[PDB]
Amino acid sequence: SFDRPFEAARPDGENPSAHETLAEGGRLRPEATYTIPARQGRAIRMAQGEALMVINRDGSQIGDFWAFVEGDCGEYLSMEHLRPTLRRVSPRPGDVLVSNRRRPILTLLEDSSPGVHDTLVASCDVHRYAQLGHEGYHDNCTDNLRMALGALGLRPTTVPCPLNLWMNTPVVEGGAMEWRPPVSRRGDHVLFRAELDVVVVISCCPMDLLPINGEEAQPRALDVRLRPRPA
């Protein structure tokens, strides 16, 4: 039961994502690797023309992925706009990904995996875990988004649908959906080029009551590397 209005920016609990940043201002160094720990989220600032590599180190982990325009969290990578622009349910290498203004925000340059991702499913939240029978607080992607932005002094005005990297949620004839383990492999990566200055947020999904992060249900970390704009 709810006794207050919904607050997009307010976390329902805490983990180290509230206080720990990857680097000052989210500005990752060239030639460095960084890690989003298991069950946590982090924000990353990109300049136009830079490219971000996201690496599924252990091979079965989902990365809930968002991007916001620098200086405006009201404009963001938008799944419901991405789909009509591409005339496709999920992106492939070469696809330009748009914001809620239908302008380019990112390009998916590379994907070493079989290409299975999800754009249909909301980020997990305390309500999802309560409905799955969990008692007490559970780490969750929506809180990780809120905290990761907060750690850079930013405030979302809405929770967009994530791009669920490596998530395998097939829709079959009839419209039904299934929660299945991923088909990615150890070390698979995706590479995104920024088409605008952006703030990217990645949450290492902590879902451990369904097999979506692997049959073992043991959430793991993700590694990232930021490439500078080409010479």
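Residue numbers here begin at 1 and follow the sequence given.
When 166 to 174 is weighed against 38 to 46, 166 to 174 comes out higher, by mean CA B-factor as recorded in the entry.
For the segment pair 128 to 136 and 141 to 149, the entry gives 128 to 136 the higher mean B-factor, averaged over Cα atoms. Residue set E31, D197, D64, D188: peak C-alpha B-factor at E31 (per PDB entry). Across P104, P156, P160, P84, the entry's maximum B-factor at the CA atom is seen for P156.
For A8, the recorded CA temperature factor ranks within the middle third of the chain's modelled residues. In the deposited entry, the Cα temperature factor of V224 places it in the lowest third of its chain's modelled residues. The entry lists a Cα temperature factor for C73 that places it in the highest third of the chain's modelled residues. Placement of the Cα temperature factor of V98 within the chain: lowest third of the modelled residues, per the deposited record. Residue-level temperature factors show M79 in the lowest third of its chain, judged at the C-alpha atom.
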